[PDB]
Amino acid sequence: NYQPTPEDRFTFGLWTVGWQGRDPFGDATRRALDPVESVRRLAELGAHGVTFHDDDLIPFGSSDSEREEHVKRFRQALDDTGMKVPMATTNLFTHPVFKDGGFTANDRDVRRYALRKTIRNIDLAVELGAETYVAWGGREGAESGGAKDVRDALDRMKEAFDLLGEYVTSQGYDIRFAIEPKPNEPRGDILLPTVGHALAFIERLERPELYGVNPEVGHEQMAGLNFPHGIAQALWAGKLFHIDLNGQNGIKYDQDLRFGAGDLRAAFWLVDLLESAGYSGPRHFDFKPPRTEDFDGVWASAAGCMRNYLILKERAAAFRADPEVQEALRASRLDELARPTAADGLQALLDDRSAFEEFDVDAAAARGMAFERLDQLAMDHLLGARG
């Protein structure tokens, strides 16, 4: 029951099941995994592919010979399993050199280094077949108001992304970029804090068509925002290139719980939206098995991630197909929301006495929207109290 298959396109970062459990207040509770181990075990669970930071795969400061050895083992594991690498990213946050940022560090030499580190991993990503390159600017921001002129920092952020777009275009690489927003942590405030800010920023890049967003469930919820709404605006703008799935319990530190945990009803509405929009990208889990767990718990957590997606997919499909939900959607006038307000145009609207001079505002006010019946039908379907 609810068995994932590679066709469900479930992917996992090496750093997810690989998280050793170090948090701001405690040491690691688990040994490091070999990336070859993670590839083989995820394949056995039904995953479609894996993702990585350069530093997950290639120890920082590896010689070129050592780099080749690390990639070759990972290679062979992918070939043996049929696992894909649909996305890759750069670690510009762990090493102390990035303590004030990568692309927006105040020091210019750090900013040049960050671009060279990124470009080097784009080459590797393309070699392994990645279609999407993710950027999470986790150190781009500030704790204090004077440390960062945000207009200058946005200039520097635009400069970095324009240069990366020039690089892939000149190389002829078939790869697109996705910006992963986060409002805060580890910096007091992070630049481009939400999906909305990242979408706005993309429109000022030199080749906007190369860039989209990689929203993460828990990050939008860390600002108290509605994640399905934000995904809808990304889809509306044609910019949902990738998605990070996990769980989060409201406004606090970034929990990265397994998908389904945290806000369960938001997860239901998210899956409803992704499936009915026909989103065809990877369903990527950016999550951390809690550090209370041993390795059996790590694999149980990863499996629960895909199981919960599949359960919610079934309930949302059953919800949309229910004849009673049907009628309720017509009763709440969802079909009328999808029709133009004024396809007759401005002059016709201005000359329409039914729209103002003769509009019965009190009769219109008295109409119930019947949203509560509709929502309890959705609740019933989520809980399996009807089919």
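Just count from 1 along the sequence shown to find any residue number.
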{"property": "69-77 or 183-191, whichever carries the higher mean Cα B-factor", "result": "69-77"}
{"property": "Mean Cα B-factor comparison, 10-18 or 359-367, giving the higher one as deposited", "result": "359-367"}
{"property": "Identity of residue with top Cα B-factor, from 196, 290, 224, 172", "result": "172"}
{"property": "Per the PDB entry, maximal CA B factor within 347, 51, 332, 29", "result": "347"}
{"property": "Lowest, middle or highest third - CA B-factor, residue 141", "result": "middle"}
{"property": "Within-chain third of residue 337 by Cα B-factor, per the entry", "result": "middle"}
{"property": "Third assignment of residue 237 from its chain's C-alpha B-factors", "result": "middle"}
{"property": "Chain thirds of CA B-factor: placement of residue 156", "result": "middle"}
{"property": "Among modelled residues of the same chain, the CA temperature factor third for residue 351", "result": "highest"}
